[PDB]
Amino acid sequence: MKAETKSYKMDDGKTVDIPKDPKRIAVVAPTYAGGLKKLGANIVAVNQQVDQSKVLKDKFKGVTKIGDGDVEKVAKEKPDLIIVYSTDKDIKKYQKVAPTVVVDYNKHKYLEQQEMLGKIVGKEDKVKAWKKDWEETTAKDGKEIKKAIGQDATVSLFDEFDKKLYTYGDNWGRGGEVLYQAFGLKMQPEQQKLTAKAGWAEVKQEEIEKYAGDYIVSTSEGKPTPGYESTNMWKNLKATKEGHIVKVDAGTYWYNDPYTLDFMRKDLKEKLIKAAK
């Protein structure tokens, strides 16, 4: 008894010994859940946050749910591999349980992230195939969306985060990966400048007009009207006056794994084409 292990160089430069073929993965960091599920990995524990997604909840039925810090619950599932963010405060505790892969979220753009998960579980060929399909499809989608909204149309992305107005770059979820990378739509220029270093930013809500483009995607679907959509400033944005607001489901759009990506691809394409009428 002794699963054969392979060396893996983590984001921090440290090498760790992980199973060549992991059988029981505890996915504490939920960014990585859908991508590992897509690759057929056996996940024995997953962060309860997946249950906020219209896409991922059904995909993890029967899988033990865990919240942040629950080392005991993770231990009980006897995992052979544990996935956490670099910002996780319980990393040493996880390490005493199973080889723990510590991912620095901002080190991987969304396609490289899925390639990274392919390396972890030894299924890079499956990633390649999926990626080629994704790119070809979203390339045609983006060309169609551009003809509908206009090649130079800018698109802003707004979200309420901890009771504050936030915006995002092209790889911090909220649909940004599909809007700005897969579709190739133009990001509103002040949004791009502000989010350029960090990938995300709080926006002073009285300055929202500064960051508002030809179209606005807001993660407010199914919610009461947020503070930032209720102002006279919001009412007088050209995008608002023109009927160019697209609303999306925040719990679902937070993610950027292959299942979520296919959903946001369809949903945004539909909403963007409608908003352009």
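Position 1 is the first residue in the sequence shown; the rest follow in order.
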{"item": "Mean Cα B-factor comparison, 178 to 186 or 127 to 135, giving the higher one as deposited", "value": "127 to 135"}
{"item": "Entry-level comparison of average CA B-factors, 261 to 269 and 18 to 26, reporting the higher stretch", "value": "18 to 26"}
{"item": "Top residue by Cα temperature factor, when 202, 144, 160, 115 are compared in the entry", "value": "144"}
{"item": "Residue selected from 104, 170, 88, 152 by maximal Cα B factor", "value": "152"}
{"item": "Third assignment of residue 48 from its chain's C-alpha B-factors", "value": "lowest"}
{"item": "Chain thirds of CA B-factor: placement of residue 42", "value": "middle"}
{"item": "Ranked against its chain, the third holding the CA B-factor of residue 32", "value": "lowest"}
{"item": "Third of chain Cα B-factors occupied by residue 92", "value": "highest"}
{"item": "Position of residue 71 among the chain's modelled residues by C-alpha B-factor, lowest, middle or highest third", "value": "middle"}
